[PDB]
């Protein structure tokens, strides 16, 4: 299965999902539909989003790990998918919530060949493959801000940082794409509770990688080990090559 397969496939889910959510009223969006396979509740929006993706991913020889219903599939290709990363905003009318998909051969991130995040509010498309990282087509790349005094996304500010700006938009998959497109110089989820799963960073992380930004874990150990599994958790420190180090040191 080509990257062109993954892209073609990915382009279908986003649209299917988009109008499934779009048609959905905020009132019929926030109600809970049960308990997804990862411990967290499940809103209607959640269900509707995942179904539309599964119905298409379903026809592909792929094993999928996803929030609402753990593992599914069998294929020799794995998908770390999130129908709706940023469910709080979506149920709020806040226009920052996306579809996340990452395509890999093996069980682990290291063998992933395609990244794709789609903002379902705006219709903004984020993707990456061997060719590169794009947003709405135009080629992107992380920023070259070399100063700790810079624009940042931080989960969560706990001390007093030397940041020019600090934002928190509530959709890790999308904000990693904000880091990816140079709109932001560093992504940071140093949350002690290590409350970040694979179907969250998977897609985002990989586009960031393509866009030219170094991305690892709290200490610096890569994300490679990471598995398309329901137990996997993580923290992230993302920045170009001249920022990541200093950004590490600053959180000791």
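Just so we're on the same page, rigid core means the largest C-alpha set that superposes within 1.5 Å between forms. Residue numbers count along the first chain shown, from 1.
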(request) Rigid core fitted first, then name the stretch among 10 to 18 and 227 to 235 whose C-alphas deviate most from the displayed form in 6 other deposited structures of this protein. (result) 227 to 235
(message) Rigid core superposition, C-alpha RMS per stretch in 6 other deposited structures of this protein: which comes out larger, 67 to 75 or 117 to 125?
(response) 67 to 75
(request) Would you tell me which stretch averages the higher CA B-factor in the PDB entry, 166 to 174 or 152 to 160? (result) 152 to 160
(request) Look over 200 to 208 and 35 to 43 in the entry and identify the one with the greater average Cα temperature factor. (result) 35 to 43
(request) Please pick out which of 181, 85, 146, 124 has the largest Cα B-factor as recorded in the entry. (result) 146
(request) Going by the CA temperature factor in the entry, name the top one among 23, 10, 231, 235. (result) 231
(request) For residue 72, return the chain-relative third of its C-alpha B-factor as stated in the PDB record: lowest, middle or highest. (result) highest
(request) Consider only the C-alpha atoms of the modelled residues in this chain, order them by B-factor as the entry records it, and name the third containing residue 110: lowest, middle or highest. (result) highest
(request) Would you check the entry's CA temperature factor for residue 92 and let me know if it's in the chain's lowest, middle or highest third? (result) middle
(request) Would you mind ranking residue 239 by its C-alpha B-factor against the rest of the chain and naming the third, lowest, middle or highest? (result) middle
(request) Could you tell me which third, lowest, middle or highest, the C-alpha B-factor of residue 51 occupies within its chain? (result) lowest
